[PDB]
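Below: one structure, written as structure tokens.
Values in this text are rule-based calculations from the coordinates and carry no lab data. Heads up, the Cβs are rebuilt from the backbone with ideal geometry, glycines too, and the neighbour counts pull from every protein chain shown.
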């Protein structure tokens with residue numbers, strides 16, 4: 001049986017996800033976290049501001 | 001030789017092999033509908049949290 005081998009990355013991700021896949025599908029979640037966290041600044045398109053508060057002491 | 005328990009004048013043969021997968025949806029839809037359910041679940045979950053945005057500032 002064959003492990004993963006780096007030098008062909010399109011091949012590596014294949015024969016990682018097919019022979020020792022159980023860390024692949026973890027790290028797919030690990031890349032779905034922050035990369036999708038960077039594809040939101042257009043995707044919220046200024047959706048909402050939460051607007052919470054402690055006590056509003058006002059001005060003169 | 002008299003009447004002993006001889007065979008039958010037929011066989012009606014029986015099973016000697018394996019058995020099968022159950023229903024027709026073997027493929028990844030059995031995974032993909034999972035992404036449907038979370039695709040529903042967050043669709044209310046965050047929204048309920050979104051509604052608590054209005055609720056907390058209410059109090």
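Going by a ≥ b ≥ c, the root eigenvalues of the Cα gyration tensor, does the protein assembly as shown fall in the rounded group (a/c under 1.5), the prolate group (a/b larger than b/c) or the oblate group? If you can, show how the numbers build up before the last one.
On the way: a/c = 5.50, a/b = 2.20, b/c = 2.50.
The shape class here is oblate.
Between residue B:28 and residue A:58, how many nm apart are label points set 7 Å from Cα along the C-beta direction?
The two pseudo-label positions are separated by 6.0 nm.
Please average, across the residues of B:27-39, the number of beta carbons from any other chain that are within 10 Å of each residue's own beta carbon, and give a whole number.
0
Taking the Cα atoms only, what angle lies between the long axis of helix A:21-32 and the longest principal axis of chain A, rounded to 10 degrees?
Around 30 degrees separate the two axes.
Taking a spot 7 Å from the Cα of residue B:42 along the direction of its beta carbon, which residues of region A:28-52 have an amide N less than 19 Å from it?
A:28-48
Given an 8 Å cut-off on Cα distances and at least 6 residues of separation, report the relative contact order of chain A as a percent.
20 percent
Say each of residue A:6 and residue B:8 gets a label point 7 Å from the Cα, pointing the same way as Cα to Cβ; how far apart are those two points in nm?
A separation of 6.9 nm, rounded to one decimal place.
Scaled to the compact-protein estimate 2.2 N^0.38 Å, what is the alpha-carbon radius of gyration of chain A, rounded to two decimal places? It would help to have the intermediate numbers written out before the result.
Numbers: Rg = 22.2 Å, N = 60, 2.2 N^0.38 = 10.4 Å.
Cα-based Rg divided by the globular estimate yields 2.13.
Would you kindly state how much longer the chain becomes between residue B:20 and residue B:54 on full extension, computed as 0.36 nm times their sequence separation minus their alpha carbon distance, in nm to one decimal?
On the way: separation 34, 0.36 × 34 = 12.24 nm, distance 5.38 nm.
Working it through step by step, the gained length comes to 6.9 nm.
How large is the helix-only mean residue ellipticity at 222 nm for the protein assembly as shown, computed as the sum of -39500 (n - 2.57) over DSSP H runs with n ≥ 4, divided by its residue count, in deg cm²/dmol to the nearest 500?
After summing the helix terms and dividing by residue count, I get -14000 deg cm²/dmol.
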